[PDB]
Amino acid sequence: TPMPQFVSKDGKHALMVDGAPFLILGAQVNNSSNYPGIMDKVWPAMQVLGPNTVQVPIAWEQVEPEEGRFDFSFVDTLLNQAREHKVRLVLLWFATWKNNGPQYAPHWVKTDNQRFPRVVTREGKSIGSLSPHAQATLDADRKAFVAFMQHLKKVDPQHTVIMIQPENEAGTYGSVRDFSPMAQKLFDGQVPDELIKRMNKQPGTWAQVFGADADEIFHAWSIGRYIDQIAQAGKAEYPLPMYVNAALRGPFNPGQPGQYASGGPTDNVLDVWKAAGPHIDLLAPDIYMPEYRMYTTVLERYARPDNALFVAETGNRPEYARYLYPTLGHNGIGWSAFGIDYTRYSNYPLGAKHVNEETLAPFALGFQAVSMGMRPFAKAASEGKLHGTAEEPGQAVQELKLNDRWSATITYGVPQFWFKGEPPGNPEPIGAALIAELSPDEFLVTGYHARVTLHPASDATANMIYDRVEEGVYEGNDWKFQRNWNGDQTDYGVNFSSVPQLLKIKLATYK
């Protein structure tokens, strides 16, 4: 039975799970929800949200508490629980970097600054981030990761785990790079030929080749090479797809490297990370920018022909929920919300002050609607045929171009009937829509707090007819019909409110 795998060719991408494209509808537990005694506050929240994939930390300190003495008992417990609760897993390897720092490395690592040295600032101060240049730290992380991947292969032939995230938001706060002598000797050397080629530059030293950006590009390359070697060695044991996640710099008015985590896969060093990381399948943004223009711009920059869009983390405040459909609209591999458990922790002001059934309901709506047709939606994404949009404040109408024949008007905050006047939008921005092209004249359509009005895009389709507007669900790939919408229910577009409904709409023209 085929194991999970990431494919990408000519800018079309698929996460293949059980032999077909898959879309991650993800939930990530909080950072300290990775022990047997706390899982009873994880699963009741997942039951409410209904993700198809759960992200859980696997901490280096817990799997190798003493060097050479491995303990994967929590991985085993977690696989049983995920199988019982019918979710797939994405495991997060909290090791050399977690939010730039060594806090999840074991005692014998993070207390030993001699064997495992920290970044040194230009002024000579050690700071809370391990240097990518130390061979001992790479060796020890990679050895632990290799034991981890070997264990996974032995106990997960069911393929419950579909991806691995090596490290978590690697990079450095408080310095653009390491300035230790160890670092300076490498920085003074020649830029590796692989990076010279990919960057369209002439050979030379780091300062010669990259100028004012040499410090930041050097640090990104060195972190990338570090994680790539870990990815390559772990894949040699069990070749699950692997991705790294990015602490973002501001898309419009970024600060200086070091204010944001320098060296991480920020939007200015994506080609460096690509060159450095051939064994890393994608670079995934962690988006905690709730403002529409910022969020959607991050989506556009990380969705590249060489980079499948996966939103590995985003906020759990309700205004975030609507960003699922525009993410899927970039035809990547999915979207995950962060902080989904009942441990009473809150990452406000990034996310919600409390996680409960009310705060989860806007997310569960989208997860239920996509799950009603997940495999066809994922087939569409893998062919580049998924369209998605979310409501922007002060803009009550959007236009989606679908193909030569049809377009869709998206209108927010209107009745499900004729109305007089300009569309007002919803009082808060909460609407969204998602449209899959199955064939030129047939679409899968869902939305919430929104009207979707399909209309001709050319003179050939001016004589538009609703042939069928079928409500139903999919069982795997088999369509289960419930009813044909007609009359009032199609006279004013098709109108969605607060319940999950999937429509398979076949259009015709009269002749």
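For every residue, the number given is its place in the sequence shown, counted from 1.
When 292 to 300 is weighed against 183 to 191, 183 to 191 comes out higher, by mean CA B-factor as recorded in the entry.
Between the stretches 194 to 202 and 376 to 384, it is 194 to 202 that shows the larger average CA temperature factor. Of the candidates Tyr104, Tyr243, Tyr412, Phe210, the one whose C-alpha carries the top B factor in the deposited record is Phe210. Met3: CA B factor in the highest third of modelled residues in this chain (values from the PDB entry).
Per the deposited record, the Cα B-factor of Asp18 falls in the middle third when ranked against the other modelled residues of its chain. The entry lists a Cα temperature factor for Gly476 that places it in the middle third of the chain's modelled residues.
Among the modelled residues of its chain, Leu328 has a C-alpha B-factor that falls in the lowest third, as given in the PDB entry. In this PDB entry, the Cα temperature factor of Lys353 sits in the top third of its chain's modelled residues, the highest group.
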